Student: 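Have a look at the structure that comes next, please.
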Amino acid sequence: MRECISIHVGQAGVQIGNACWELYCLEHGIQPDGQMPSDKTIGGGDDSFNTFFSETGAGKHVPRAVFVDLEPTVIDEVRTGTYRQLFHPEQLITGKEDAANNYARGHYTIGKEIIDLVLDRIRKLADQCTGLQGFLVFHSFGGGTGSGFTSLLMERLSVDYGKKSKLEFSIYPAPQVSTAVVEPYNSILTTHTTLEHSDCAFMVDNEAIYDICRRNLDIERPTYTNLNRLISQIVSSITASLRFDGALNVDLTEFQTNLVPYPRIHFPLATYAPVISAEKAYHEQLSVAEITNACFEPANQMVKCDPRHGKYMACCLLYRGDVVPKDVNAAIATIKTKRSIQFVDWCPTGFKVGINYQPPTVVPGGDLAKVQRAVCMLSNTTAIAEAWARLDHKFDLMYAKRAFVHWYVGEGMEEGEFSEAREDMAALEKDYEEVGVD
Amino acid sequence: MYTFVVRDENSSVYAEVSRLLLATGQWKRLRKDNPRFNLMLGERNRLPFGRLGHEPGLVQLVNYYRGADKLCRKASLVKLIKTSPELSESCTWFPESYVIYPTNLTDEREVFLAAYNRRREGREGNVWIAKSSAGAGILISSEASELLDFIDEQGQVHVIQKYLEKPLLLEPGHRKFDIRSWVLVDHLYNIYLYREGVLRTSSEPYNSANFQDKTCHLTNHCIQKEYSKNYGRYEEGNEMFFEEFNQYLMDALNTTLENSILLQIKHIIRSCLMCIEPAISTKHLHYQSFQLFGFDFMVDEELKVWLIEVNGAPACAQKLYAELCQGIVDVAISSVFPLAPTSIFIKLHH
Amino acid sequence: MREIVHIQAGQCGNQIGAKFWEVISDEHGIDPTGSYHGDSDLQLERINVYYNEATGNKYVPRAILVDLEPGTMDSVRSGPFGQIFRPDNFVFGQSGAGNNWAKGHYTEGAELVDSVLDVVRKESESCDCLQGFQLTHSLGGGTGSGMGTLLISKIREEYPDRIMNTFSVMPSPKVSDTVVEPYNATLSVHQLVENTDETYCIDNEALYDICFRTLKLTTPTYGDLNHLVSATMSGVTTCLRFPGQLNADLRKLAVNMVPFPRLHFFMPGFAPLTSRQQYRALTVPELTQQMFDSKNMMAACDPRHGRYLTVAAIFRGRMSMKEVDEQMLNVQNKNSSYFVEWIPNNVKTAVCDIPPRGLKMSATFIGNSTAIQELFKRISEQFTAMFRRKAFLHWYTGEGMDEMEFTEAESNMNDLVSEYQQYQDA
Amino acid sequence: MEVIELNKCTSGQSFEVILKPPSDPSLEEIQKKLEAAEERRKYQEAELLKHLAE
Ligand SMILES: Nc1nc2c(ncn2[C@@H]2O[C@H](COP(=O)(O)OP(=O)(O)OP(=O)(O)O)[C@@H](O)[C@H]2O)c(=O)[nH]1
Ligand SMILES: Nc1ncnc2c1ncn2[C@@H]1O[C@H](COP(=O)(O)OP(=O)(O)CP(=O)(O)O)[C@@H](O)[C@H]1O
Ligand SMILES: Nc1nc2c(ncn2[C@@H]2O[C@H](COP(=O)(O)OP(=O)(O)O)[C@@H](O)[C@H]2O)c(=O)[nH]1
Ligand SMILES: [Ca+2]
Ligand SMILES: [Ca+2]
Ligand SMILES: [Ca+2]
Ligand SMILES: [Mg+2]
Ligand SMILES: [Mg+2]
Ligand SMILES: [Mg+2]
């Protein structure tokens, strides 16, 4: 058994982290007080769930998690929430004034003065690990902390833990629920400095999660609670292989080996199905072919884009519930003869399939209905380059007039870092185009 | 009030649509780089589809189907027909074609010679035409050596196609021609064929013993108006419309345009567009597409219709601009953005 | 706790400030004696932003009252909520400022400024984490204008990394006390250009016209004008006084509203504005259309003469947040020519459940529009009509100023005008 | 359409289907970046105070 440490940075990271550990507990049978009646090895053991939970002598199962925010209001909810008993104070770090949606403020001004404290808290969790695999980092692109401090933390993590893998769950900015105009600046600045330090990153576009909540869950104006419950189901599906017995994606290294042959192109597209409204009285359970076919519907993707006009470098099918390999292969054959699935010539045209017999757990009182089977597809497709294009275009519009640049320079960042970061993105977009288009 | 932007100033078609849209008083033209639009009249090349459908509260529509280039490119069309099962290499309405890359650069050089040598030994007519998309640059010859050598002097992909040596000739004149059909596909993927086509006729007698002079072999409008002496003699602008052509087929062939030619044209249009529908449909997409296509057909002396190519950015006959453009606003734009007949289109069912 | 320190200086600044604390005190359930008697927990969740909590559960406004004569602050101390202010936070002289910027900034004001800073330092030292300052004053007088901008300069020197925010009443010849108001306003504006992060521009002429043309008040008084300012000040500060996501603190608001440091002068707006047909229920469409109507804006600048760099809207009350986005998106998409296209998504909307007193719902508008240059052009033209003849300058040279400082202030504000113009055609 | 590496356990199974074959900055350099930005802030703030002293 090898441990995984989760790090939640900024409001987005912290609130998403709170929803995931809620779901993790329900999935593993861990009560809010930390007790786990099914764990017969009191205060020890190297089971699969031990990768995410340590244990105290009293039998408390404590998440291997750290929460960081430059402002205390969001993390005070964790200290006072249902699962407050889950964590101890060393795990929750809060400053007094935030980054004001200013990458330079989170990275330089405030980050410089708190980075050593955060590393010290992470080191404590690392000292509890007998074979630490690496870290899962949750954060937003748009916020000043999630963008600015995250990139600094990733840089240091690569220094303090050279051989450890690092995966991201990043929230892509969407104006329908965005609070800042400079979020394109922050997104590009944090991708530039984090790109060489992240082995694999799963981007969730708030615009996609938002529309799925209105279309499939019949929520007219979704809240962050709604968005976070859905995101934690996708996150759980991705991390299940690390927390349960299995042979696919059993450690963080396997995520890179199976999804990222080209190091810079490390942003797999996530597609999830089915998402059924709990308020829905009569519901008809979908088959294996129906949920698999849905993985190729743009409307179910974590990032809205058209994979028909890109090339696949890798594809992973993660099933939960009543699914047998016979029905998966039959559905896959049917989809090939009907769908536009083009792999890059230097990659085998295949699918790695994982099946977990336990169906998706639903939070009591949540928005999602219990389903008999569900799937999450992870495909590394060049079609996700559409997201970088949208974001770089907004960047170019503001930066041509130097709009808002003074806020960043005022925090000690050089204006040249803007163009430096932008040119790195232009090279990233070029990499996708060389791998996808003829 | 609906908003639209114009990103192709060279489109005669959508200049009239824009003129009509503003005539309603309910459409407003924004700067070509304003993202808050309902309708985009986009550029021909490198249209940024990836930026459509991401503006909150705006239902956005674009006049191009992403992926339709597969059909409107010489080499692309050939490959699509040979590789797509619903078309198959045995497709009976598309002339035998081969994708040939110049030697200075897969390629179908050997496959072409095999079919060429088979015709040479069989005493059959072995006249082929070499063409590409980067042309205004076409060569017609019966010797495979001249064709391949012509493509090697170039630097772009070409296609060697079997030349229809028995085209239907209009009398009087003994002249070659082609047929242009305008087809509009809306956001729901309904296939509408404009009831008005145009025959682009050659004003020179068809000569089968001299492919060097390509004035009586190429029915392009600019070629007849530049290198032909009898331009406009038989019909104005070498353009014969369905009314006159239908009356001709009845007087000389005792048949109609519908039975002898139109049924094959409607079949070909539907086959090509249904083939790529899964690849380009915008049904469940975050934005909506529609596109006007220009199909080019040849007709031989057996009244068999052949598809020559498909144009993704076609123009229209001067006489048919007002009707067609208005029809574009009715079925393509107003269907999605309604305002506050006897349709001019023939809906091809599927 | 992100505490804000409030300062009000001069006649105008103290009368508008007093009304402001009266309005928000009612919103938070604070009575004239500082005792809380509300019925919602949302009233106290962010109360510490503006109020200190004393013994006995008393809430004391974190406000400092400044003036160079006693008169107005006597009226405050005896007014409705006069007893709610900290007695030690009244700082005042006796000589007055004679509507003279030099007296407020250089002579009379210089003698009193240090004692005012002693109170500011006291209030800041008891803040868990001070956000910044907000100042209410006029630019046409002597104390609020001359001494107010003196205070801002000395506050920025002591707290260089805190946000400085002001509500600045711009003078107008139609609602004028003295003919030197353009002199005082031009001198203050240069101070504001350099030492404030956000300045809400409030034009007395727009307030008058709204009272006369819209509210149908035959003979407006300063009191009538001040009620519009109270309601507007309450609206723009709702994001700071109640739970919310957008513009949560002063610094985040500045980062979303100020794309260039000098162009930080905002046009505020309010809806509804109804005359006494006052019980009719307002619809979200009606709120939105009125909020963006020029007749509902208080800077006397026609937005259709310029372009919005950024916009911050705040909707209050129980309403369809879904229907709010639809009307907002309808306004942007129906008038995109007035929004600069090089700042994507520059219109941000926030909702608040608690409505103002006596209204089921309302909306407050904060625009950073290049049209504001019309306001500085008026002031500049009035300045030059007198300065070209050196009229009334002796009031100022008698306090130690020389003509050069006037010429520089004139050029500084013409530069500002030129800066707005270059972005109106970008 | 081949299935390889089929693994089965009590809580699930996994396999791979193949349809077709194919055809950093040191701790020192980071402190300099952080300190360099801190110096630029200090310089700008000094100019502001110098401006206010005038
Ligand atoms: N999906 C989701 N997105 C969120 C959540 N919270 C914030 N966001 C998004 O994150 C972006 C704002 O960044 P934040 O994470 O809130 O800012 P921060 O990391 O706390 O940094 P600061 O500037 O210091 O506040 C916006 O695009 C929000 O829409 C959340 O709980 N769930
Ligand atoms: N296989 C074939 N047999 C006989 N004639 C042919 C032919 N292919 C093309 N032609 C002739 O060549 C002319 C133009 O061919 P093609 O359409 O490939 O060029 P082009 O694309 O530049 C004209 P357009 O503007 O319609 O696209 C046609 O009018 C037709 O008469
Ligand atoms: N809106 C409003 N404006 C005022 C009020 N009192 C004065 N003014 C304006 O303020 C300017 C005079 O400044 P004033 O505050 O009286 O001078 P000060 O006491 O030296 O700061 C003139 O332009 C007046 O129109 C008031 O109560 N409300
Ligand atoms: Ca155990
Ligand atoms: Ca590394
Ligand atoms: Ca004195
Ligand atoms: Mg935050
Ligand atoms: Mg063509
Ligand atoms: Mg006065």
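A note on names: the letters A, B, ... follow the listed sequences, proteins ahead of strands, and every chain is numbered from 1. As the structure lists them, so they are numbered: ligands from 1, and atoms in each ligand from 1.
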Student: Enumerate donor-acceptor pairs with a distance under 3.5 Å from any side-chain N or O in residues 151-159 of chain A to protein atoms, sequence neighbours excluded.
Tutor:
residue	atom	partner	partner atom	Å
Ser151(A)	OG	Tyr103(A)	OH	2.9
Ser151(A)	OG	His107(A)	ND1	2.6
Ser151(A)	OG	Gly148(A)	O	3.1
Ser151(A)	OG	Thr193(A)	OG1	3.4
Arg156(A)	NH2	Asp116(A)	OD1	3.2
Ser158(A)	OG	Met154(A)	O	3.2
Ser158(A)	OG	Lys166(A)	NZ	2.6
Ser158(A)	OG	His197(A)	ND1	2.8

Student: Salt bridge or not for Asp33(A) and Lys60(A), using N-O below 4.0 Å?
Tutor: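 No, this pair does not count.
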
Student: State whether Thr41(A) contributes an N/O/S atom found under 3.0 Å from the Ca ion (ligand 4).
Tutor: yes

Student: Using the benzene-type ring in the case of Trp, are the ring centres of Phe392(C) and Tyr183(C) under 6.0 Å apart?
Tutor: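 Between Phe392(C) and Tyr183(C), the centre distance exceeds or equals 6.0 Å.
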
Student: Show every donor-acceptor pair shorter than 3.5 Å between a side-chain atom in residues 117-126 of chain A and any protein atom, with sequence neighbours excluded, or say none if there are none.
Tutor:
residue	atom	partner	partner atom	Å
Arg121(A)	NH1	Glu90(A)	O	3.4
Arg123(A)	NH2	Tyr161(A)	OH	3.4

Student: Taking the Ca ion (ligand 4) as the vertex, measure the angle between atom O in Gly44(A) and atom OD1 in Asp39(A); round to 10°.
Tutor: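 O of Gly44(A) and OD1 of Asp39(A) make an angle of 150° at the Ca ion (ligand 4), to the nearest 10°.
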
Student: Examine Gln11(C) and say whether one of its N/O/S atoms is closer to the Mg ion (ligand 9) than 2.8 Å.
Tutor: yes

Student: For the Ca ion (ligand 4), does an N/O/S atom of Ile42(A) lie at less than 3.0 Å?
Tutor: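 For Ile42(A), the answer is no, given that no N, O or S atom comes within less than 3.0 Å of the Ca ion (ligand 4).
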
